[PDB]
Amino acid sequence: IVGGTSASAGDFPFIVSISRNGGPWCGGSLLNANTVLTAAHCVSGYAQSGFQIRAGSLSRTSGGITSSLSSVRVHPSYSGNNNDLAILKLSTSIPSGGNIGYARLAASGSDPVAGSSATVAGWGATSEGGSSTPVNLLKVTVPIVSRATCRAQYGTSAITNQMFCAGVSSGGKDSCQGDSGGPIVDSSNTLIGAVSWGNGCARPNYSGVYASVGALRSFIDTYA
C-alpha cells in the first residue's frame, strides 16, 4: 500500500495474508470457515503446497490462525487480467470470533459508483518496485474512478465489466505489489473487490484496477 496508514485491530476481520514459500506474496478475504477469495493470478498454476494463509492478525508471520490449502479453483473465464478471482479451500477450518470474521459481499450486479470512497488494505510494498514490505497491515482510502475514465487510461478492451478502478488523479495513494488478492471495501466495509493489476503503483493518471465482487458473484456463490 502506497500512501497508507496502519490498520487497527478489527478493521478487516476477514483479511488474510497469503505467504508463498515462506515469504510475502498476496492477500485474501475469508468468506467462511474453509474458504478464501483471492486474485487468480496469486495462485493459478503454482504449486499449492507453497501457500500459507493467516487470519486474525495485523502481521503475516505470527498471531491468529494459519492454514495450508486443500484446493484452488480459478474463475472459469480467467484470461489475462480478466476475471482475476480464485476460490481457495483451507486444510484447517478457521472459526469466526474475536478479530476474525467473514466478509460481507457486494450485492450481485452492483458496480461501485464513481467518486465514492473505497478502502484497500494489504502487506505489499510502500513504493513501486520496493523490496521491503511492512510487518503490519496498511490501508488507504481512494475514490472510485469511472470505468470510462479507466478505459481512457488503459484502453477500451483492457478494462472489462468484471473490473473496476480506484485512485487519485495526482497519484500517491494505491495498492502495489504484494497487495494482490487482498480486499477493497466500500465505506460500509462491504467487500467490493480484490486487488488485481495496474500500471506501476500510485502513478498519476493510472488507476488501480480491481476484480469486481459485484460482477463475479455467480462464481463466488457457487463455489464458496
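If you superpose the two forms and keep the largest set of C-alpha atoms that fall within 1.5 Å, you have the rigid core. When you see a residue number, it is the position in the sequence shown, counting from 1.
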Between 127 to 135 and 146 to 154, which one strays more from this form in 9 other deposited structures of this protein if you match the rigid core and compare Cα atoms? 127 to 135
With B-factors read from the PDB entry, the higher C-alpha mean of 109 to 117 and 79 to 87 is in 109 to 117
When the C-alpha temperature factors are averaged for each of 167 to 175 and 181 to 189, which stretch ends up with the higher value in the entry? 167 to 175
Just grab whichever of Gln48, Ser59, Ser196, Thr38 has the top CA B-factor as deposited. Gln48
Given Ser29, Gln162, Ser157, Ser44, the residue at which the Cα B factor reaches its maximum: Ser157
What third of its chain's C-alpha B-factors does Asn205 belong to: lowest, middle or highest? highest
Based on the deposited C-alpha B factors for this chain, I'd like to know if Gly130 is in the lowest, middle or highest third. highest
Report the third (lowest, middle or highest) to which the CA temperature factor of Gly122 belongs, ranking only the modelled residues of the same chain. lowest
Going by what the PDB entry lists, where does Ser19 fall on CA B-factor within its chain: lowest, middle or highest third? middle
Select lowest, middle or highest to describe the third in which the CA B-factor of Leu137 falls within its chain in this entry. lowest
